Structure formats: C-alpha cells, structure tokens
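Participant: You'll find work-v5.cif just under this line, and it carries mmCIF, C-alpha atoms and all ligand atoms.
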```cif
data_structure
loop_
_atom_site.label_atom_id
_atom_site.label_comp_id
_atom_site.auth_asym_id
_atom_site.auth_seq_id
_atom_site.Cartn_x
_atom_site.Cartn_y
_atom_site.Cartn_z
CA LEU A 834 -68.31 100.82 148.32
CA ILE A 835 -69.46 103.00 145.41
CA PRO A 836 -66.18 102.99 143.37
CA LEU A 837 -65.71 99.24 143.90
CA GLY A 838 -69.35 98.39 143.16
CA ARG A 839 -69.20 100.47 139.99
CA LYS A 840 -66.18 98.38 138.96
CA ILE A 841 -67.97 95.04 139.47
CA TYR A 842 -71.09 96.21 137.62
CA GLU A 843 -69.23 97.71 134.64
CA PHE A 844 -66.94 94.68 134.38
CA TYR A 845 -69.66 92.02 134.53
CA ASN A 846 -71.72 93.89 131.91
CA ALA A 847 -68.92 94.43 129.38
CA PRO A 848 -69.48 92.29 126.25
CA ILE A 849 -65.98 90.74 126.25
CA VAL A 850 -66.56 89.74 129.88
CA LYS A 851 -70.01 88.33 129.07
CA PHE A 852 -68.42 86.34 126.25
CA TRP A 853 -65.58 84.65 128.14
CA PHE A 854 -67.94 83.90 131.09
CA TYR A 855 -70.37 82.13 128.75
CA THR A 856 -67.30 80.43 127.23
CA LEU A 857 -65.84 79.15 130.50
CA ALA A 858 -69.37 77.82 131.19
CA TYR A 859 -69.59 76.10 127.79
CA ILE A 860 -66.13 74.59 128.23
CA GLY A 861 -67.25 73.66 131.72
CA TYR A 862 -70.44 72.15 130.29
CA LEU A 863 -68.58 70.15 127.64
CA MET A 864 -66.27 68.57 130.24
CA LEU A 865 -69.27 67.46 132.33
CA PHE A 866 -71.21 65.96 129.44
CA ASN A 867 -68.04 64.05 128.53
CA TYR A 868 -67.89 62.51 132.01
CA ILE A 869 -71.48 61.33 132.09
CA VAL A 870 -71.35 59.46 128.76
CA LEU A 871 -67.89 57.90 129.24
CA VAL A 872 -68.54 56.72 132.81
CA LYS A 873 -71.60 54.53 133.46
CA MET A 874 -74.97 55.97 134.40
CA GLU A 875 -77.42 54.28 136.77
CA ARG A 876 -81.23 54.51 136.84
CA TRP A 877 -81.18 57.94 138.45
CA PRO A 878 -78.95 60.71 137.06
CA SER A 879 -75.69 61.58 138.78
CA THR A 880 -74.83 64.97 140.30
CA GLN A 881 -72.67 65.63 137.22
CA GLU A 882 -75.62 64.77 134.98
CA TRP A 883 -78.07 67.03 136.83
CA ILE A 884 -75.87 70.06 136.13
CA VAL A 885 -75.84 69.08 132.42
CA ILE A 886 -79.65 68.74 132.51
CA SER A 887 -79.76 72.29 133.90
CA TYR A 888 -77.50 73.69 131.14
CA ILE A 889 -79.70 72.43 128.29
CA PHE A 890 -83.10 73.75 129.44
CA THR A 891 -81.76 77.06 130.76
CA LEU A 892 -80.14 77.49 127.34
CA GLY A 893 -83.55 76.59 125.90
CA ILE A 894 -85.28 79.41 127.79
CA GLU A 895 -82.57 81.79 126.55
CA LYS A 896 -83.04 80.58 122.97
CA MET A 897 -86.76 81.33 123.31
CA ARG A 898 -85.83 84.76 124.70
CA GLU A 899 -83.90 85.48 121.50
CA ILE A 900 -87.03 84.66 119.48
CA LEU A 901 -89.53 86.63 121.57
CA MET A 902 -87.37 89.67 122.39
CA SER A 903 -86.34 90.18 118.75
CA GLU A 904 -87.00 93.07 116.32
CA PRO A 905 -90.24 92.04 114.40
CA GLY B 906 -24.26 96.02 131.87
CA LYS B 907 -27.18 95.18 134.20
CA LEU B 908 -27.08 91.39 134.70
CA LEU B 909 -30.84 91.10 134.14
CA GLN B 910 -30.51 93.11 130.93
CA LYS B 911 -27.75 90.73 129.81
CA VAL B 912 -30.13 87.84 130.50
CA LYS B 913 -32.94 89.55 128.55
CA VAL B 914 -30.65 89.91 125.51
CA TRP B 915 -29.84 86.19 125.78
CA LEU B 916 -33.49 85.03 125.99
CA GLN B 917 -34.15 86.80 122.66
CA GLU B 918 -32.32 84.11 120.66
CA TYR B 919 -34.61 81.10 120.89
CA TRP B 920 -32.00 78.51 119.93
CA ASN B 921 -29.72 79.76 122.71
CA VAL B 922 -32.31 79.45 125.50
CA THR B 923 -33.33 75.95 124.38
CA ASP B 924 -29.68 74.97 124.72
CA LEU B 925 -29.55 75.74 128.44
CA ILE B 926 -32.87 74.03 129.21
CA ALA B 927 -31.52 70.85 127.62
CA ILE B 928 -28.20 71.23 129.45
CA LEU B 929 -29.97 71.40 132.82
CA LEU B 930 -32.20 68.51 131.75
CA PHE B 931 -29.15 66.40 130.88
CA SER B 932 -27.59 67.26 134.26
CA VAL B 933 -30.78 66.04 135.97
CA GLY B 934 -30.57 62.93 133.80
CA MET B 935 -26.96 62.38 134.91
CA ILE B 936 -27.56 62.59 138.68
CA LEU B 937 -30.36 60.01 138.47
CA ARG B 938 -28.19 57.83 136.18
CA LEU B 939 -25.39 57.81 138.78
CA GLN B 940 -27.82 56.39 141.39
CA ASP B 941 -28.98 52.73 141.79
CA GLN B 942 -31.90 51.63 139.54
CA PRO B 943 -34.73 52.51 139.04
CA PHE B 944 -33.39 56.09 139.36
CA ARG B 945 -30.91 55.04 136.67
CA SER B 946 -33.67 53.70 134.38
CA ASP B 947 -35.47 57.08 134.48
CA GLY B 948 -32.23 58.96 133.81
CA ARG B 949 -31.79 56.68 130.84
CA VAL B 950 -35.17 58.01 129.68
CA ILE B 951 -34.19 61.65 130.27
CA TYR B 952 -31.07 60.99 128.17
CA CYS B 953 -33.22 59.74 125.27
CA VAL B 954 -35.49 62.80 125.42
CA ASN B 955 -32.54 65.17 124.90
CA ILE B 956 -32.06 63.25 121.61
CA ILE B 957 -35.40 64.71 120.52
CA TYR B 958 -33.83 68.15 120.99
CA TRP B 959 -30.24 67.68 119.76
CA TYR B 960 -31.11 66.38 116.29
CA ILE B 961 -33.44 69.35 115.92
CA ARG B 962 -30.53 71.64 116.79
CA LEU B 963 -28.89 70.32 113.59
CA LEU B 964 -31.57 72.43 111.83
CA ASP B 965 -29.82 75.58 113.08
CA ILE B 966 -26.40 74.23 112.05
CA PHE B 967 -27.99 73.48 108.66
CA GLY B 968 -29.04 77.13 108.39
CA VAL B 969 -25.60 78.23 107.18
CA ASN B 970 -26.14 76.76 103.71
CA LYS B 971 -27.96 79.22 101.44
CA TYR B 972 -30.57 76.66 100.32
CA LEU B 973 -31.41 74.61 103.42
CA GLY B 974 -31.31 77.77 105.55
CA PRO B 975 -34.35 79.48 104.02
CA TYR B 976 -36.01 76.04 104.00
CA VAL B 977 -35.67 75.87 107.80
CA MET B 978 -37.26 79.29 108.41
CA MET B 979 -39.93 78.20 105.93
CA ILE B 980 -40.87 75.33 108.29
CA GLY B 981 -41.21 77.59 111.34
CA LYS B 982 -43.71 79.91 109.67
CA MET B 983 -45.91 77.09 108.33
CA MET B 984 -46.26 75.63 111.84
CA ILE B 985 -48.23 78.71 112.89
CA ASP B 986 -50.68 77.71 110.17
CA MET B 987 -50.40 74.10 111.39
CA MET B 988 -51.48 75.14 114.90
CA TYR B 989 -54.84 76.30 113.52
CA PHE B 990 -55.10 72.92 111.81
CA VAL B 991 -54.35 71.23 115.16
CA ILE B 992 -57.12 73.08 117.04
CA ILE B 993 -59.78 72.34 114.40
CA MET B 994 -58.62 68.71 114.17
CA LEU B 995 -58.73 68.45 117.97
CA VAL B 996 -62.48 69.13 118.07
CA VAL B 997 -63.27 66.62 115.32
CA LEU B 998 -60.98 63.95 116.79
CA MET B 999 -62.40 64.13 120.31
CA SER B 1000 -65.96 64.31 118.99
CA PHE B 1001 -65.47 60.97 117.24
CA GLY B 1002 -63.43 59.67 120.20
CA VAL B 1003 -65.90 60.44 122.99
CA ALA B 1004 -68.83 59.18 120.89
CA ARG B 1005 -67.05 55.93 119.99
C1 LIG C 1101 -63.73 76.77 133.85
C2 LIG C 1101 -63.50 75.57 132.95
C3 LIG C 1101 -62.26 75.77 132.09
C4 LIG C 1101 -63.45 74.26 133.72
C5 LIG C 1101 -64.65 73.98 134.62
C6 LIG C 1101 -65.02 72.51 134.73
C7 LIG C 1101 -64.28 71.67 135.80
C8 LIG C 1101 -64.00 72.53 137.03
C9 LIG C 1101 -65.10 70.40 136.11
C10 LIG C 1101 -65.66 69.75 134.82
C11 LIG C 1101 -65.46 68.24 134.94
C12 LIG C 1101 -65.38 68.07 136.45
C13 LIG C 1101 -65.05 66.69 137.04
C14 LIG C 1101 -66.07 65.66 136.56
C15 LIG C 1101 -66.18 64.46 137.45
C16 LIG C 1101 -65.55 64.31 138.60
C17 LIG C 1101 -65.61 62.99 139.34
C18 LIG C 1101 -66.06 63.19 140.77
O1 LIG C 1101 -66.05 61.90 141.45
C19 LIG C 1101 -67.23 61.30 141.65
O2 LIG C 1101 -68.29 61.77 141.32
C20 LIG C 1101 -67.07 59.99 142.36
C21 LIG C 1101 -66.16 60.09 143.57
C22 LIG C 1101 -66.53 61.21 144.52
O3 LIG C 1101 -67.70 61.27 144.95
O4 LIG C 1101 -65.62 62.03 144.81
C23 LIG C 1101 -65.16 64.17 141.48
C24 LIG C 1101 -65.17 65.52 140.75
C25 LIG C 1101 -64.76 65.42 139.27
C26 LIG C 1101 -63.26 65.07 139.17
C27 LIG C 1101 -65.07 66.78 138.57
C28 LIG C 1101 -64.19 67.93 139.08
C29 LIG C 1101 -64.52 69.27 138.42
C30 LIG C 1101 -64.45 69.22 136.89
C31 LIG C 1101 -63.00 68.98 136.43
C1 LIG C 1102 -72.05 74.82 136.26
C2 LIG C 1102 -71.01 74.15 135.38
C3 LIG C 1102 -71.47 74.14 133.93
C4 LIG C 1102 -69.65 74.82 135.54
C5 LIG C 1102 -69.11 74.89 136.97
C6 LIG C 1102 -68.44 73.59 137.42
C7 LIG C 1102 -68.52 73.21 138.92
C8 LIG C 1102 -69.33 74.25 139.71
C9 LIG C 1102 -69.04 71.77 139.10
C10 LIG C 1102 -68.63 70.85 137.92
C11 LIG C 1102 -68.30 69.47 138.51
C12 LIG C 1102 -68.96 69.53 139.88
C13 LIG C 1102 -68.67 68.41 140.89
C14 LIG C 1102 -69.08 67.06 140.31
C15 LIG C 1102 -69.30 66.01 141.34
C16 LIG C 1102 -69.27 66.21 142.65
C17 LIG C 1102 -69.30 65.05 143.61
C18 LIG C 1102 -70.35 65.24 144.69
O1 LIG C 1102 -70.16 64.17 145.67
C19 LIG C 1102 -71.22 63.77 146.38
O2 LIG C 1102 -72.32 64.25 146.27
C20 LIG C 1102 -70.85 62.66 147.32
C21 LIG C 1102 -72.05 61.99 147.97
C22 LIG C 1102 -72.98 61.28 146.99
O3 LIG C 1102 -72.47 60.44 146.22
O4 LIG C 1102 -74.19 61.58 147.01
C23 LIG C 1102 -70.16 66.57 145.39
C24 LIG C 1102 -70.23 67.72 144.38
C25 LIG C 1102 -69.17 67.60 143.27
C26 LIG C 1102 -67.77 67.76 143.89
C27 LIG C 1102 -69.45 68.68 142.19
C28 LIG C 1102 -69.24 70.11 142.70
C29 LIG C 1102 -69.48 71.18 141.64
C30 LIG C 1102 -68.64 70.96 140.37
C31 LIG C 1102 -67.14 71.13 140.68
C1 LIG C 1103 -55.27 66.42 117.36
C2 LIG C 1103 -53.82 65.95 117.35
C3 LIG C 1103 -52.97 66.86 116.49
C4 LIG C 1103 -53.27 65.82 118.76
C5 LIG C 1103 -54.05 64.89 119.69
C6 LIG C 1103 -53.39 63.51 119.89
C7 LIG C 1103 -52.53 63.32 121.16
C8 LIG C 1103 -52.84 64.41 122.19
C9 LIG C 1103 -52.70 61.88 121.70
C10 LIG C 1103 -52.72 60.84 120.56
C11 LIG C 1103 -51.97 59.59 121.06
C12 LIG C 1103 -51.95 59.80 122.57
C13 LIG C 1103 -51.07 58.89 123.44
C14 LIG C 1103 -51.44 57.42 123.22
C15 LIG C 1103 -50.96 56.52 124.31
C16 LIG C 1103 -50.44 56.93 125.47
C17 LIG C 1103 -49.87 55.94 126.45
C18 LIG C 1103 -50.44 56.14 127.84
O1 LIG C 1103 -49.71 55.28 128.76
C19 LIG C 1103 -50.34 54.20 129.24
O2 LIG C 1103 -51.47 53.90 128.95
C20 LIG C 1103 -49.46 53.43 130.18
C21 LIG C 1103 -48.96 52.11 129.59
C22 LIG C 1103 -50.05 51.09 129.35
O3 LIG C 1103 -51.00 51.05 130.17
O4 LIG C 1103 -49.95 50.34 128.35
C23 LIG C 1103 -50.26 57.57 128.29
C24 LIG C 1103 -50.93 58.54 127.30
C25 LIG C 1103 -50.38 58.40 125.87
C26 LIG C 1103 -48.90 58.85 125.85
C27 LIG C 1103 -51.26 59.26 124.92
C28 LIG C 1103 -51.08 60.77 125.15
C29 LIG C 1103 -51.92 61.63 124.21
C30 LIG C 1103 -51.67 61.31 122.73
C31 LIG C 1103 -50.23 61.67 122.33
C1 LIG C 1104 -74.62 76.98 123.79
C2 LIG C 1104 -73.57 78.00 123.36
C3 LIG C 1104 -73.94 79.47 123.67
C4 LIG C 1104 -72.76 80.40 123.32
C5 LIG C 1104 -71.65 80.51 124.16
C6 LIG C 1104 -70.57 81.29 123.78
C7 LIG C 1104 -70.57 81.96 122.58
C8 LIG C 1104 -71.66 81.86 121.75
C9 LIG C 1104 -72.75 81.08 122.11
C10 LIG C 1104 -74.28 79.60 125.16
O1 LIG C 1104 -73.61 79.06 126.03
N1 LIG C 1104 -75.37 80.30 125.46
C11 LIG C 1104 -75.90 81.34 124.60
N2 LIG C 1104 -75.82 80.95 123.20
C12 LIG C 1104 -75.12 79.90 122.79
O2 LIG C 1104 -75.39 79.32 121.75
#
```
Have the structure of the file written as structure tokens, please.
Facilitator:
Amino acid sequence: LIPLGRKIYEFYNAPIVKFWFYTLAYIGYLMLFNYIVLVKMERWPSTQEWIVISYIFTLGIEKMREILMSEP
Amino acid sequence: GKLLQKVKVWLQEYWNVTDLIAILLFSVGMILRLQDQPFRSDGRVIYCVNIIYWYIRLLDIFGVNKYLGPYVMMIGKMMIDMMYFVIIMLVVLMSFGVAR
C-alpha cells in the first residue's frame, strides 16, 4: 500500500495535475452556469444552481488565501 | 512485407486514406439507396455529403500545376493558424450567445 499510496500522493500534488483538475472543474463549472441561466429558475435555486453557488464562494475563500498567504 | 506495415505506409498519405473513407461511405449510401424510402432518402443525403469531399479532392489533382500546387499547400498551413482563430472566436461567440 506504500508504493501505490506514494503514487497517488505524488500525482495529485504535481502542478500539471493540479492545473488540469482545476481546469476540468472550471469547464465543469461553466457548463453548469450555462444550464441555470438558459433554463428557467424558480423561487428556490435548483440542484445545478447550488453547485454553482458553491463554486463562487469557495473560489472567494481561495482568492482571500492568495492575499493573506502572500509575500509582504 | 508485413501487412500491417503495408497499411502503416498507406495511412501516411492523407489524401489516400480519405479516399477509402469516402468509398466506404458511398457504399453505405448505396445500400440504403437500394432500399424502400425513407432509407433511400437518407442514402440520397449520404451521396450529397461525398460531394463535399470529391470537389476537395480536385485540390490534389490541381497540385500538379506549378502555380496552383504551392497555393494548395499554402492553404493547409494557414488553417493551423485559423484553428487558433476558431478557438478564440468560440469563446466570444458563445459568451454573446448564452447571454442573449
Ligand atoms: C469534466 C468536464 C469536462 C465536464 C463536467 C460537467 C458535466 C459532467 C455536467 C455539466 C452540465 C451537466 C448537466 C446539466 C443539467 C442536466 C439536466 C438534469 O435534468 C434535470 O435536472 C431535470 C430532469 C431530471 O431530474 O433528471 C440531468 C443532468 C444534466 C443533463 C447534467 C449532467 C451532467 C453535466 C453534463
Ligand atoms: C462540481 C462541479 C463543478 C463538477 C462536477 C459535476 C457533477 C459532479 C455534477 C454536475 C451536474 C450534476 C447533476 C445535476 C442535476 C442532477 C439532478 C438531480 O435530480 C434530483 O434531485 C431529482 C429529484 C428532485 O428534483 O429533487 C440529481 C443530481 C444530478 C444528477 C446532479 C449530479 C451531480 C452532477 C452530475
Ligand atoms: C466559432 C465558429 C467558427 C464555429 C461555431 C458555429 C457552429 C458550431 C454552429 C453555427 C451554426 C450552427 C447550426 C445552425 C442550425 C442547425 C440546425 C439544427 O437542426 C434543427 O434545428 C432541426 C430542424 C429545425 O428544427 O428547423 C441542428 C444544428 C445546426 C446544424 C447547427 C449546428 C452548429 C452550427 C454549425
Ligand atoms: C476561477 C478560475 C481559477 C483557475 C483555474 C484554472 C487555471 C487558472 C485559474 C480557479 O478555478 N481557481 C483558482 N484560480 C482561478 O482563477
């Protein structure tokens, strides 16, 4: 379990992996935010919309992390 | 000598491999055309889509002439630049399209 677990950890921390896994989540986000604006919305948000609502504020916390955990 | 190595030499020429795809497509268009409609109607359509290919194969026949020939290979290289135009246009087109 130690050679295999070293493979999963070193893969999912490589920067090219961490790029394309943020990219297939941005291209997954963009498809969802397309569906909620093209299709109708009711008074309460849809299941598709709630995932979009997650993606914006969780990106907001990350954007504040880039400010706080910076060099100055 | 190896049959698969003979096939790999053949796939190298791009105009040759796009011949045999259109030949098999025209065969598929025939078999539907020889059936009762609507199968015939759709094999009419398959027949008209090979027309999109077989005028473009006149580009390769045109390549023999020393002036039109370099003009044809000029077109193929600029389409690699046109693909980058297509991707950037695709973002701007669907951004206006979804918003509208
Ligand atoms: C990794 C990247 C490249 C793609 C990841 C995104 C897709 C897997 C998502 C984004 C848009 C999603 C679709 C958006 C909306 C709908 C409608 C949805 O239907 C309803 O909500 C009403 C009917 C029902 O309840 O089934 C069914 C799922 C579906 C097709 C989703 C299926 C999954 C999709 C294609
Ligand atoms: C996290 C995002 C940015 C990327 C990953 C995409 C998928 C994990 C998401 C995108 C679209 C989602 C689907 C969008 C809509 C629906 C319909 C939903 O149907 C119902 O809830 C039916 C009952 C009801 O209407 O309440 C079930 C979940 C499902 C399939 C979702 C399952 C999870 C999906 C595939
Ligand atoms: C950014 C540029 C370089 C490329 C993006 C444009 C194409 C991907 C779009 C533009 C016009 C679109 C077409 C416009 C109309 C139709 C007819 C449509 O058929 C119907 O609606 C059925 C008949 C009817 O209901 O009237 C099927 C999609 C299609 C071929 C569309 C497919 C996608 C096309 C080719
Ligand atoms: C919102 C886009 C993105 C991103 C995604 C891929 C490449 C570059 C940036 C993200 O999804 N989260 C972190 N920062 C970002 O701006």
Participant: Can you work out the spacing between atom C21 of ligand LIG 1101 (chain C) and CA of residue 866 (chain A) in Å, to one decimal?
Facilitator: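 Going from atom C21 of ligand LIG 1101 (chain C) over to CA of residue 866 (chain A) covers 16.1 Å.
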Participant: Just to confirm, what's the straight-line distance from atom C3 of ligand LIG 1102 (chain C) to CA of residue 858 (chain A) in Å (one decimal)?
Facilitator: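 Straight-line distance from atom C3 of ligand LIG 1102 (chain C) to CA of residue 858 (chain A) works out to 5.0 Å.
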Participant: All residues within 6 Å of ligand LIG 1102 (chain C) are required, counting all atoms listed in the file; please report them as a list in words.
Facilitator: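 What falls inside 6 Å of ligand LIG 1102 (chain C) is residues 858, 861, 862, 880 and 881 of chain A.
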Participant: Go through the chains and note each residue within 12 Å of ligand LIG 1104 (chain C), using only C-alpha atoms and all ligand atoms, then give the set as a list in words.
Facilitator: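 Residues satisfying the distance criterion: residues 848, 849, 850, 851, 852, 853, 854, 855, 856, 857, 858, 859, 860, 861, 862, 863, 885, 888, 889, 890, 891, 892, 893, 894, 895, 896, 897, 898 and 899 of chain A.
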Participant: Throw together the list of residues within 7 Å of ligand LIG 1103 (chain C), counting all atoms listed in the file, and drop it here as a PyMOL selection string.
Facilitator: chain B and resi 991-992+994-995+998
Participant: So that I have them on file, write out the residues from the current selection with C-alpha atoms, as a PDB file, keeping the file's coordinate frame.
Facilitator:
```
ATOM      1  CA  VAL B 991     -54.350  71.230 115.160  1.00  0.00           C
ATOM      2  CA  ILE B 992     -57.120  73.080 117.040  1.00  0.00           C
ATOM      3  CA  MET B 994     -58.620  68.710 114.170  1.00  0.00           C
ATOM      4  CA  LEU B 995     -58.730  68.450 117.970  1.00  0.00           C
ATOM      5  CA  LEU B 998     -60.980  63.950 116.790  1.00  0.00           C
TER       6      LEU B 998
END
```
Participant: For a test of reading the model, state the distance in Å between CA of residue 978 (chain B) and CA of residue 915 (chain B), rounded to one decimal.
Facilitator: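 CA of residue 915 (chain B) lies 20.1 Å from CA of residue 978 (chain B).
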Participant: If the cut-off is 10 Å, can you tell me the residues of chain B near chain A, counting all atoms listed in the file? I'd like them as a count of residues only.
Facilitator: 5
Participant: Under the rule that all atoms listed in the file are counted, which of A:874, A:841, A:834, A:847 is the nearest residue to ligand LIG 1101 (chain C)?
Facilitator: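 Smallest distance to ligand LIG 1101 (chain C) is found for A:874.
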Participant: Can you pull out every residue within 8 Å of region 920-927 of chain B, counting only C-alpha atoms, but drop anything in the same chain fewer than 2 positions away, and send it as a PDB file with C-alpha atoms, keeping the file's coordinate frame?
Facilitator:
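Output (selection-v1.pdb):
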```pdb
ATOM      1  CA  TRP B 915     -29.840  86.190 125.780  1.00  0.00           C
ATOM      2  CA  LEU B 916     -33.490  85.030 125.990  1.00  0.00           C
ATOM      3  CA  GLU B 918     -32.320  84.110 120.660  1.00  0.00           C
ATOM      4  CA  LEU B 929     -29.970  71.400 132.820  1.00  0.00           C
ATOM      5  CA  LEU B 930     -32.200  68.510 131.750  1.00  0.00           C
ATOM      6  CA  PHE B 931     -29.150  66.400 130.880  1.00  0.00           C
ATOM      7  CA  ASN B 955     -32.540  65.170 124.900  1.00  0.00           C
ATOM      8  CA  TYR B 958     -33.830  68.150 120.990  1.00  0.00           C
ATOM      9  CA  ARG B 962     -30.530  71.640 116.790  1.00  0.00           C
ATOM     10  CA  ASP B 965     -29.820  75.580 113.080  1.00  0.00           C
TER      11      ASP B 965
END
```
Participant: Axis-aligned box over every listed atom of region 838-842 of chain A, padded by 5 Å per side: centre and edges in Å to one decimal, as JSON?
Facilitator:
```
{"center_x": -68.6, "center_y": 97.8, "center_z": 140.4, "size_x": 14.9, "size_y": 15.4, "size_z": 15.5}
```
Participant: Excluding residue 878 (chain A) and its own-chain neighbours fewer than 6 positions away, which residues fall within 10 Å of it when counting all atoms listed in the file? Please give them as an NGL selection string.
Facilitator: :A and (869 or 884 or 886)
Participant: Closest to ligand LIG 1101 (chain C) among A:887, A:877, A:902, A:872, using only C-alpha atoms and all ligand atoms?
Facilitator: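 Looking at the shortest contact to ligand LIG 1101 (chain C), the residue is A:872.
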